[PDB]
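Novice: For now just these chains, pulled out of the complex without moving them:
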Amino acid sequence: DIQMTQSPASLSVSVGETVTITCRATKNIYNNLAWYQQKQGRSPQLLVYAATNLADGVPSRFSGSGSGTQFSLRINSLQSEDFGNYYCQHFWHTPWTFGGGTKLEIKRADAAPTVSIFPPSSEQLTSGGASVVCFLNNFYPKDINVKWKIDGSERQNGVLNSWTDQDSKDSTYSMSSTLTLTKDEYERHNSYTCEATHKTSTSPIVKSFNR
């Protein structure tokens, strides 16, 4: 069998810049290679076939290159609609294996997060559980660190984080951080803090509440 490797795994590129992503086959496949694009929550779409042919409706800013084992996908003056996942696939003998993918993200100016803290709902407390929620919205770059503090001391267990994909309107990221405790533990303490460390500031953004 032939394995397909893509590079880089991820990259952030600005609107208007030119980007080149690569695909490597473990064995010679001549030009039996396809490139696909897959946007957030949608079906993959054919971009390039036979290494260099543009598929129907694909903008001419896209170009595929290569023959043998080394292939490239170039996007000239890239647009907001070009951001998403990119896969290569060989068409030699079956199995027709896909590469692991390259995630193309939008590079934009820095944006500090909008931090909001929420105490558990009293409705939840009846179940014996207590989820403290912290939303860190509309930030850039994607890298961020959240620290939970209960009565001044850091808490690490019971933390569940979820990240949105890059926003379609402003190219920012958002993050939800949930601290789940038992009702008895939640009622044993008073101060609840969610601390956000991001590139935009040396000092962390602190959102807190007292029971």
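Specialist: That came in fine, so what should we check first? Numbering: from 1, shown residues only, chains lettered A, B, ... in the order given.
Novice: Closest to the centroid, which residue in chain A?
Specialist: The C-alpha lying nearest the average C-alpha coordinate of chain A belongs to residue A:165 (Cα atoms, centre = their mean; 4.9 Å).
Novice: Identify the spatial nearest neighbour of it, chain neighbours not counted.
Specialist: Leaving out its chain neighbours, the residue that sits closest to residue A:165 by Cβ to Cβ, 6 or more residues apart in numbering is residue A:40, at 4.7 Å. Just so you know, the C-beta spots here come from the backbone N, C-alpha and C atoms, and that holds for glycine as well.
Novice: Relative to residue A:127, how far out is the one you found?
Specialist: Shown here: residue A:40 relative to residue A:127, a distance of 33 Å by Cβ to Cβ, to the nearest Å.
Novice: again, but for residue A:167
Specialist: Distance, residue A:167 to residue A:127, by Cβ to Cβ: 33 Å.
Novice: so who does residue A:48 touch?
Specialist: By Cβ atoms under 8 Å, 6 or more residues apart in numbering, the contact set of residue A:48 is A:33, A:34, A:35, A:54, A:55, A:58, A:62, A:63, A:64, A:73.
Novice: Show the buried residues in these.
Specialist: Buried positions within the contacts of residue A:48, assessed by neighbour count (16 or more other Cβ atoms under 10 Å), are A:33, A:34, A:35, A:54, A:58, A:62, A:63, A:64, A:73.
Novice: Restricted to strands, list those residues.
Specialist: Within the buried ones among the contacts of residue A:48, residues falling in strands by DSSP state E are A:33, A:34, A:35, A:54, A:62, A:63, A:64, A:73.
Novice: So chain A: which segments form each domain?
Specialist: Chain A breaks down into these domains under curated CATH domains: A:1-108, A:109-211.
Novice: what's the span of the longest one, first residue to last?
Specialist: Terminal residues of domain A:1-108 lie 40 Å apart, using Cα to Cα, to the nearest Å.
Novice: The last one now?
Specialist: Start and end residues of domain A:109-211 are separated by 37 Å (Cα to Cα).
Novice: Likewise for stretch A:30-44?
Specialist: When the termini of stretch A:30-44 are compared using Cα to Cα, they are 24 Å apart.
Novice: distance between it and the chain's centre?
Specialist: Chain-centre distance of stretch A:30-44: 18 Å, with Cα atoms, centre = their mean, to the nearest Å.
Novice: Distance to residue A:117 added to the buried ones among the contacts of residue A:48, as TSV?
Specialist: Shown next, in TSV, are those (distance: Cβ to Cβ, whole Å):
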residue	distance to residue A:117
A:33	50
A:34	47
A:35	44
A:54	49
A:58	45
A:62	44
A:63	48
A:64	48
A:73	43
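Novice: Let's add chain B too:
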Amino acid sequence: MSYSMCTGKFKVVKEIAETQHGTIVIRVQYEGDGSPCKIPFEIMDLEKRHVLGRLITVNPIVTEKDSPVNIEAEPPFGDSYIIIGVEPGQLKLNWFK
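Specialist: Okay, here's chain B dropped in alongside the others:
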């Protein structure tokens, strides 16, 4: 317009025709996937290490799997191998000129 390389098996439709100008015409049928695709073709020594012959047909391509393709080639004098397609099931035809 780029075409894929044919990955599958080929079959000789009829007996290889000899022309009066020292060339041969081979009529092949494609059995594989990926048409329209380029026909892998090479005329080599019996040891399969050096290219000896000359292909006359410009870019042999399978337009449709259902339609056979005429391949004109110029073999060297003596013994040579006509190699059609890629492995597995690659056609390896002995030829004596």
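Novice: how about the residues of chain A near chain B?
Specialist: Chain A comes close to chain B at residues A:29, A:30, A:31, A:32, A:50, A:51, A:52, A:53, A:91, A:92, A:93, as judged by Cβ under 8 Å from any Cβ of the partner chain.
Novice: now the helices for chain A?
Specialist: A:122-125, A:183-186 (DSSP state H).
Novice: can you list the ones you listed in TSV and add distance to residue A:24 and mean neighbour count?
Specialist: Listed next are the helices of chain A as TSV, based on distance: least, Cβ to Cβ, whole Å; neighbours: other Cβ atoms under 10 Å in any protein chain shown:
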stretch	distance to residue A:24	mean neighbour count
helix A:122-125	50	12
helix A:183-186	51	14
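Novice: circling back: in strands, which of the residues of chain A next to chain B appear?
Specialist: Counting by DSSP E, those place residue A:53 in strands.
Novice: Make JSON lines out of the residues of chain A next to chain B and add neighbour count.
Specialist: Formatted as JSON lines, the residues of chain A next to chain B follow (neighbours: other Cβ atoms under 10 Å in any protein chain shown):
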{"residue": "A:29", "neighbour count": "23"}
{"residue": "A:30", "neighbour count": "25"}
{"residue": "A:31", "neighbour count": "21"}
{"residue": "A:32", "neighbour count": "26"}
{"residue": "A:50", "neighbour count": "22"}
{"residue": "A:51", "neighbour count": "25"}
{"residue": "A:52", "neighbour count": "16"}
{"residue": "A:53", "neighbour count": "17"}
{"residue": "A:91", "neighbour count": "21"}
{"residue": "A:92", "neighbour count": "21"}
{"residue": "A:93", "neighbour count": "18"}
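Novice: Nearest to residue A:21 among the residues of chain A next to chain B?
Specialist: Closest approach between the residues of chain A next to chain B and residue A:21, by Cβ to Cβ: residue A:51, at 13.8 Å.
Novice: Grab the nearest non-local neighbour of that closest one.
Specialist: residue A:31 (3.8 Å; Cβ to Cβ, 6 or more residues apart in numbering or on different chains).
Novice: Please tell me how far that neighbour sits from residue B:37.
Specialist: Plainly put, residue A:31 is 10 Å away from residue B:37 if you go by Cβ to Cβ.
Novice: can you list residues touching both of the two?
Specialist: Residues touching both residue A:31 and residue B:37 by Cβ atoms under 8 Å, 6 or more residues apart in numbering or on different chains: B:3, B:4, B:5.
Novice: Chain C should go on the structure too:
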Amino acid sequence: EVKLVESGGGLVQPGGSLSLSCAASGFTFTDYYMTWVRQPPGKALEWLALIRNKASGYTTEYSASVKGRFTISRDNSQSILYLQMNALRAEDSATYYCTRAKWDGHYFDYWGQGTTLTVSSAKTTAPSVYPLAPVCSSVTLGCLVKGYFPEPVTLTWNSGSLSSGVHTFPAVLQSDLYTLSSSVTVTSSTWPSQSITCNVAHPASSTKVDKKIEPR
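Specialist: Same chains as before, plus chain C:
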């Protein structure tokens, strides 16, 4: 013109069977090779099976991952593609796409919208929905959807009339069930003066929940 619509996706117990179908239109079905490709959550695409056109005698090929368990077939009178799946396992959980190949099997030029399969022993469960009101310029409200199975849930704010300012976070597996949250950011003059409701629908358990966010 060319359209592919998959159906049949759902919840199956491990070792179970399920059949997916793909309704094709806008082309001469018998002239084209057809394929099934899957994509597990957050993972790469995986080619599974192919079925050749009329000229190639409608022969089949399978990936080693599904050989002996899955069967690809086609109804040439109705232009429907099928995927018969037996001995299902947890790793078969994915979005399944049916595809058309451009050049006799090569290059997947048309893809359907996909159908989701979940292979699990977990039972269908409706979520609990919790309102997230601020601790009591702009105000952020929330909605916590906890303890549902299987995916998905649909979450809207004020029946879809609020969309700008909304962030719906991917579901996370917590205590053998799914948990998701959503935030809505609105101007401080909007809430509490105007009503803001979280609308949650869980089709698998035929549940609809409306949670009005009240101040604390």
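Novice: in chain C, what residue is nearest chain B?
Specialist: residue C:105 (3.9 Å; Cβ to the nearest Cβ).
Novice: Would you mind putting the CA coordinates of stretch A:134-151 into CSV?
Specialist: Coordinates of each C-alpha in stretch A:134-151 appear next as CSV, following Å, rounded to 0.1, in the frame of the first residue of the first chain:
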residue,chain,number,x,y,z
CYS,A,134,-16.5,30.5,31.8
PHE,A,135,-16.8,31.8,28.2
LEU,A,136,-13.7,33.4,26.6
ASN,A,137,-15.1,34.9,23.4
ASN,A,138,-13.7,36.5,20.2
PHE,A,139,-10.0,36.2,20.7
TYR,A,140,-7.0,35.9,18.4
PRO,A,141,-4.5,34.1,18.2
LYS,A,142,-6.1,30.7,19.0
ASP,A,143,-3.6,29.9,21.8
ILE,A,144,-5.0,30.6,25.3
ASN,A,145,-4.7,29.2,28.8
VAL,A,146,-7.5,29.1,31.4
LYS,A,147,-6.9,28.7,35.1
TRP,A,148,-9.7,27.9,37.6
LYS,A,149,-9.4,29.2,41.2
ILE,A,150,-11.6,28.3,44.2
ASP,A,151,-10.9,30.4,47.3
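Novice: quick one: is it near chain C?
Specialist: Yes: Stretch A:134-151 reaches chain C (Cβ under 8 Å from any Cβ) through A:135, A:137.
Novice: ditto for stretch A:98-112
Specialist: Yes: on the criterion Cβ under 8 Å from any Cβ, stretch A:98-112 is in touch with chain C at A:98, A:99, A:100, A:101.
Novice: would you turn those into TSV with distance to residue A:202 and neighbour count?
Specialist: Below are the residues of stretch A:98-112 next to chain C laid out as TSV (distance: Cβ to Cβ, whole Å; neighbours: other Cβ atoms under 10 Å in any protein chain shown):
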residue	distance to residue A:202	neighbour count
A:98	43	22
A:99	39	26
A:100	36	16
A:101	35	21
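Novice: tell me the helices in chain B, going along the chain?
Specialist: Using DSSP H, helices in chain B do not occur.
Novice: Which parts of it are strands?
Specialist: Taking DSSP E as the test, the strands found in chain B are B:4-5, B:10-12, B:17-18, B:24-30, B:37-38, B:41-44, B:54-55, B:61-62, B:69-74, B:79-84, B:91-96.
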